[PDB]
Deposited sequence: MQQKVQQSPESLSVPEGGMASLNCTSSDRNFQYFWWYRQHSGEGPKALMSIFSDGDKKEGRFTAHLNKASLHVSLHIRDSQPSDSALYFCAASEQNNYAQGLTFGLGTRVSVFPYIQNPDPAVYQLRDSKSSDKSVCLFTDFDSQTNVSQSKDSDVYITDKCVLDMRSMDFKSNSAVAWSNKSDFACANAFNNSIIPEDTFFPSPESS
């Protein structure tokens, strides 16, 4: 791995700061780019940095020190649309393809003002026999653990009700196993003691 990036991933509150670091183990690669890639799209250059010092592009600031081959990207006032995979890419002096680092996955999360964690059961609209469990309205730093070969649990997902200025987290769980129920769906997760479990 010629181009080494850290950290592997990073969570950033909306409005917050983030620092990504990059190095090359090869002094020949001294011309660096930062690229961003959203899910289902191609990479898009944010900025290049070819000389020692700081460069600014909007809320983004790149820094290079060639002597030590340290490169970084600093994000200010993080927006939800900044959630993306961030690549450090470099090229040698002397046209070549870019060499990319493994990337840093950045997630910008909402601050949940009035958390109301709950697990609900929803029934299938065509058949009342089948259902899923919706863990929702928990705090953004709650971690939802994957889990039994026949129990399925999605990662937490942030939806944005734009006109209401309202965002909320959720995860979904389902299974055909006889002992599965919403009461125990998310047991392998650490969830608030006050989680609302209705029926």
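The deposited chain is incompletely modelled, with C-alpha atoms absent over 1-2, 97-98, 152, 205-208.
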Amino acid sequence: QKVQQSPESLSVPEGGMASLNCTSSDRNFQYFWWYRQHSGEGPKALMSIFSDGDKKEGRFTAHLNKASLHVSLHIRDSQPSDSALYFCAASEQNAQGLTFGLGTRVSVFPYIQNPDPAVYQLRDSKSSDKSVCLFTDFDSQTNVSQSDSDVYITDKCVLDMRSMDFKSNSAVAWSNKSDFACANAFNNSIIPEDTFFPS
From here on, numbers count along this sequence of modelled residues.
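As listed in the deposited structure, the average C-alpha B-factor of 48-56 and of 23-31 is greater for 23-31. Looking at 177-185 and 6-14 together, the entry lists the larger mean B-factor for 177-185, computed on C-alpha atoms.
Highest C-alpha temperature factor among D155, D139, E41, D150 per the entry: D150. Residue-level inspection of the entry shows that, of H63, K130, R36, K167, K130 has the top Cα B-factor. Placement of the Cα temperature factor of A67 within the chain: highest third of the modelled residues, per the deposited record. Among all modelled residues in this chain, the alpha-carbon of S107 has a temperature factor (C-alpha) in the lowest third. For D82, the recorded CA B-factor ranks within the lowest third of the chain. Only modelled residues enter the ranking. Per the PDB record, residue ranking by Cα B-factor puts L122 in the middle third of the chain. When all modelled residues of the chain are sorted by CA temperature factor, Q96 is found within the middle third.
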